[PDB]
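Following: one structure in structure tokens, then a few remarks.
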Amino acid sequence: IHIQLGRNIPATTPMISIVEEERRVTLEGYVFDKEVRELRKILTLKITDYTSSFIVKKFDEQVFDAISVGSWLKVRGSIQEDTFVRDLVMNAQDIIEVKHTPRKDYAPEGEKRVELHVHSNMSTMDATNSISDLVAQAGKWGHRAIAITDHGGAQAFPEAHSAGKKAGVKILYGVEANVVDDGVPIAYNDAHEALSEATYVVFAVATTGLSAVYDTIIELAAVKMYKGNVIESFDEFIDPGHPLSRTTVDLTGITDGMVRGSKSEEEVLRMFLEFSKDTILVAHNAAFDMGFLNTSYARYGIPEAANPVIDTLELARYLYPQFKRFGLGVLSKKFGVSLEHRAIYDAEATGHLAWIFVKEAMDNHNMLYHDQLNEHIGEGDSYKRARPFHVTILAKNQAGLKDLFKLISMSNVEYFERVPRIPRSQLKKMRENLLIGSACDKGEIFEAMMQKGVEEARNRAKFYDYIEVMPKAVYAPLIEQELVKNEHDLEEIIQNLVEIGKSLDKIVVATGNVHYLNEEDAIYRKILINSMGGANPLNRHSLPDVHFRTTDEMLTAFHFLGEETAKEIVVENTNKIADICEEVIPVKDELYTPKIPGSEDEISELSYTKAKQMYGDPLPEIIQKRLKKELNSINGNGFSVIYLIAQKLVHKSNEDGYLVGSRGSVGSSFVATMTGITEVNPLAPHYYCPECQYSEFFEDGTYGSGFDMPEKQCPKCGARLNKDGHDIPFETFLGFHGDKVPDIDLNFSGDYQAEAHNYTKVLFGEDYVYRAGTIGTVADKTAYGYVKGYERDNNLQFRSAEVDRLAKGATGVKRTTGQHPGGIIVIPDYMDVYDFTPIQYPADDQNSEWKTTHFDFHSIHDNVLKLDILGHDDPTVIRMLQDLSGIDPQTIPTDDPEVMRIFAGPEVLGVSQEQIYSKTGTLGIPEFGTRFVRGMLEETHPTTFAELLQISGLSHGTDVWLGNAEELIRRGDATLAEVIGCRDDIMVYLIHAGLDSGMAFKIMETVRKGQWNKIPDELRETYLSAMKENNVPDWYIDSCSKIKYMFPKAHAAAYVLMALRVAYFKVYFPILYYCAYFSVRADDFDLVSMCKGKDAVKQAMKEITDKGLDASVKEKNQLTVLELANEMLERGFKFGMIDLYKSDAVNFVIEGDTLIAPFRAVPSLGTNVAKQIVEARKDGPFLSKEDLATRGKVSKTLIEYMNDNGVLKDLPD
DNA sequence: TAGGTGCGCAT
DNA sequence: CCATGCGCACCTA
Ligand SMILES: O=c1[nH]c(NCc2ccc3c(c2)OC(F)(F)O3)nc2c(F)nn(CCO)c12
Ligand SMILES: [Mg+2]
Ligand SMILES: [Mg+2]
Ligand SMILES: [Zn+2]
Ligand SMILES: [Zn+2]
Ligand SMILES: [Zn+2]
Ligand SMILES: [Zn+2]
């Protein structure tokens, strides 16, 4: 429905202009953000006119909900400064929608262009629009196809595929690669002269620019050198007709008078031709000087003078690869040569070097002749010193896409130097199936035509498949940089490129170099670019207009070539290129899991062997049914390899002595329990006898867990009965019908995570396992910082709403690549990684031990296995506790009543709430020591394992406790054990009632996804009818209505089991528990208040607490560690200052009832130097107090900290 | 260079 | 008024 709020506005100032707190002002813009709050519902709209952004405030509620982002609104209200927000705000008594016509492509339906150069926000910090919206715009405009060519990557390929599907637009998959010429010769006119005895005319030119085509030399210098000594010198001035531009007068120390009277070039050129006879020409960047000289020669029909040449730049690059910059000044400085830039100086400088370079070439290598100077070219790190140029690579078919993935992977893994580089030889080998285009003004064809001439461009263009010409608006930065003098030269360059292409019979296309969608989005790019400072060369000049142009805009931009040629290169040739490519699929459709022979049989055998050992050869019918259904779902769907890999990883972890916990719903699987993957038993509560295999199950819902069951002795024999089972259906893990892909996230120890990764490498091979890769983008904090820095540098004053709009526009742009925390991606050995994704190094770190996938794992994890082998501190803490006490972690009673007391109060510990500042003794207990969870425990007083699982679900779920169950419990409507804590509980409760398995599963899925309201009326109706028909209370359905997100029961069971295992040691072995906690979990210690005693710890805690809610993350971590230290002190244990001999590098030591702090506790004692003092103390004592700093590498400062705190006092020096 | 600190991302 | 944890960017002694 039409959205209107107040009086009909008469059917508007630029928001930028309005600054007074005036009233009765019209203002219409675009709504880029919406937010309704509940008081009188208050409306806060951020609206923009692309000039500035203001905030419309309104106090109708149906309209409030109806207004949406992307709308156009006119308010005509009163600007009132007063607000919660300091900025001026608009109080709009009426807001009215307005219809804005979008950009349209006015060309005929069949005569639409294809945009072949598109940059998405996956071009790192270069483009700002998602490929999805660009593809949608192309679809709306009627374009038959569009290309996604990002700068060196293909990370937008999956999103581009989805968008092209949705929009009915063909996607051409390409990349803007940086290609480096594999072989750049050192010697040009190959000849068999002897370098040691030859005569060299080391020459140089001072020019009015860099374009040999469009400018000319003004000074010609040269020195004839022999045996390294000068023989003759030829210096001359050439006068251009035009006065020297101030740029030249400064770059080159030459003024118009300085060359006001000089010989004509024809004469100077003849003089140099005679002077440079039977000699080996020499130059720094000899291509540049030789091109200038040869163009000048040809200007007067003089012979090209093709004597042997040497380019000192290439020779220096080949001889001294260790160097980083090879310009003349840098090289002259390194080799101690002197230079002011006048041609004479340049020449003498090059000569003084060239002698050294030729001597090195003759001695250090076998290059005694001119020809031999080219033998070893393009071999080794040559790619690293070369200057890359832009090329466009498009996949023509699926094999072309695999080749493109290989090229990207090699440019990321083998030829990376500050950018992904492709050597031209590699691009030549894979060219079939690939379309190569000249890219932009940074491509080599445009560079040659604007700086070297038509013949060099027609030779380079021989290698491309099509030639790209962009509108003059894209090239404007060249005219601003003096690279192209004026628009006439630009038009000439573009026309020559069109002709060169027709001459060589190549497709010439107009591309556009799109970097953002609309002309108003340019600002975003600017901000991003500005954020790079001097790192980005684009900051030197102004950015072009690289928005997405329609067909008519492109035809207008190329009208200077004539209507026929423009219509050809814009519409016909682009669509020809599009038609050349067949439909390509960058992402697979099915899941390709690895194949391990005998996996289904192995999983079944393991499960049944463990089940027999635990429940006797005749298995209980309950266990028989469970195992049969689980294994039929697993082995039936080909999911046994997932279970087998998890089993092997956990088995190897257990052999090394580490417990593996789980996250998610793996604990819902009884096959996961029997195979050993998970510790959670999802069976119904029950007893089983460790000795005689007797078992007894309670499927009546009388106990929440087998742990809550009372102690009992075996009827068959005298042994005690082990109680297990938590009533977790497997449908939560395998879904109803068991067709769901199992997902087993395992929390291995932090120490052991690398071992598990390497074990995956062993299981599947080094070439088929890759660390899952993530793409980190510009988020709100970074975008806000970018906008603030931009406004500071440009000295503007943005309104908070604009700033927020500019931050939004620049958000989501790719900023870096990293690794997923625990995700290893496994490729089936019958395929290769390039069937799925390119590869790279995380953050482009070539020293990385693992390679990550180029694509974000979200785009590929449906087609290959992503092993979540995560690291958690709990298995580390439990391993340390086992080390410190010998107790096996799995023998710890998780049903102990005394331990559960810690969840009621601090007394079991032996301390008060008054002393430990906490009602509960769960401080330092994982997932239960937080203030929120501690408050929930205080308000609920759990006393059973089922109630602890409830607490986990309620504390971690969304909308499950704050407004849904805190009240129900406080008012006695339901007990803690009755409210909805975990998603499995909904199904369990409904099944225990009259509801059926399917209905209960559907209800639980709808509630856990927060779709109770989102589902249609008919569905909600069926569910409500069934629940009420079966005596399901009203408060239970009300709860379901308010739940946004719920967590699995197996997840909570695993985390509660770990917490109980740690709490056992906290209660019965306090010193061991505190030692393990501080050694593993605590990283930032004051240690001074800690070493003092309880009073200093309490004072530090009070300081942090009085710092208030506005406290740093470091302060909050310090508060946590200080709370633990205070609790430990209250219980009679104490900390001790570090000791050089006693203290460990990273672990607290136990001595009596005292914890000796490690070196890493000392403020900044560092960790490497920490191990150092450990290494030194075994060589010998630390005598003189100076010896310590000397060997250990202890920084005086730290020595001071130890000096005052008593550590070094021992030292008798 | 090695910590320290944000900050983004993920389970 | 969710917990925990990893990894890279950037700054600084
Ligand atoms: O957002 C998440 N928060 C948490 N908090 C920690 C937590 C600990 C114990 C729990 C628990 C949550 O839940 C439980 F009730 F099951 O027992 N964990 C995850 C995760 F593994 N994946 N995701 C993302 C899926 O949304 C989350
Ligand atoms: Mg020079
Ligand atoms: Mg997973
Ligand atoms: Zn770019
Ligand atoms: Zn480019
Ligand atoms: Zn480009
Ligand atoms: Zn028995």
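Protein chains get the first letters and strands the later ones, always in sequence-line order, with residue 1 at the start of each. Both counts, for ligands and for their atoms, begin at 1 and track the order of listing.
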Do the side chains of A:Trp850 and A:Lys761 get nearer than 4.5 Å, heavy atoms only? yes

Main chain of A:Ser665, side chain of A:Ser668: is a donor-acceptor contact present, judged purely on distance under 3.5 Å? yes

Nearest 0.5 Å, please: how far is CZ in A:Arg771 from CD1 in A:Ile869? 9.0 Å

My understanding is that only residues two or more places apart in sequence, or in another chain, count here; which of them pass side-chain contact (heavy atoms from CB on, under 4.5 Å) with A:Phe389? A:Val179, A:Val391, A:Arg424, A:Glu444, A:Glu447, A:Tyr464

Got a second to check how far A:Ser859's OG is from A:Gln155's CD, nearest 0.5 Å? 9.5 Å

When rounded to the nearest 0.5 Å, the distance separating CD of A:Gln753 from CG of A:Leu870 is 6.5 Å

Less than 4.0 Å between a side-chain N and a carboxylate O, is that true for A:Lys866 and A:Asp745? no

Which protein N, O or S atoms lie under 2.8 Å from the Mg ion (ligand 2), given by chain and residue number? A:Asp346 OD2

How far apart are the closest heavy atoms of A:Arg342 and A:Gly253, and which atoms are they? CD-O, 3.2 Å

Quick one: CD1 on A:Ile493 to CD1 on A:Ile445, what's the gap to the nearest 0.5 Å? 13.5 Å

Inside 2.8 Å of the Zn ion (ligand 5) but strictly below it, how many protein N/O/S atoms are present? 3

Using only atom types and a distance under 3.5 Å, with no angle test, would you say the side chain of A:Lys740 pairs donor to acceptor with the backbone of A:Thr732? yes

Report the C-alpha separation of A:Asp181 and A:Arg460 in whole Å, then their side-chain angles, then the decisive distance to 0.1 Å, and conclude whether the salt bridge (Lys or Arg N to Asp or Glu O under 4.0 Å) test is met. CA-CA 11 Å; A:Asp181 228 313; A:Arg460 304 213 191 144; over 6 Å; no

Ignoring hydrogens and geometry beyond distance, is a side-chain donor-acceptor pair present between A:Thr208 and A:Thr248 at under 3.5 Å? no

Verdict with reasoning, A:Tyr466 to A:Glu468, per side-chain hydrogen bond (donor to acceptor under 3.5 Å, both in side chains): CA-CA 7 Å; A:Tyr466 65 89; A:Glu468 306 194 15; 3.2 Å; yes

Using a cut-off of 2.8 Å, find all protein N, O or S atoms closer to the Mg ion (ligand 3) than that distance. A:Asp743 OD1, A:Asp745 OD1, A:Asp868 OD2

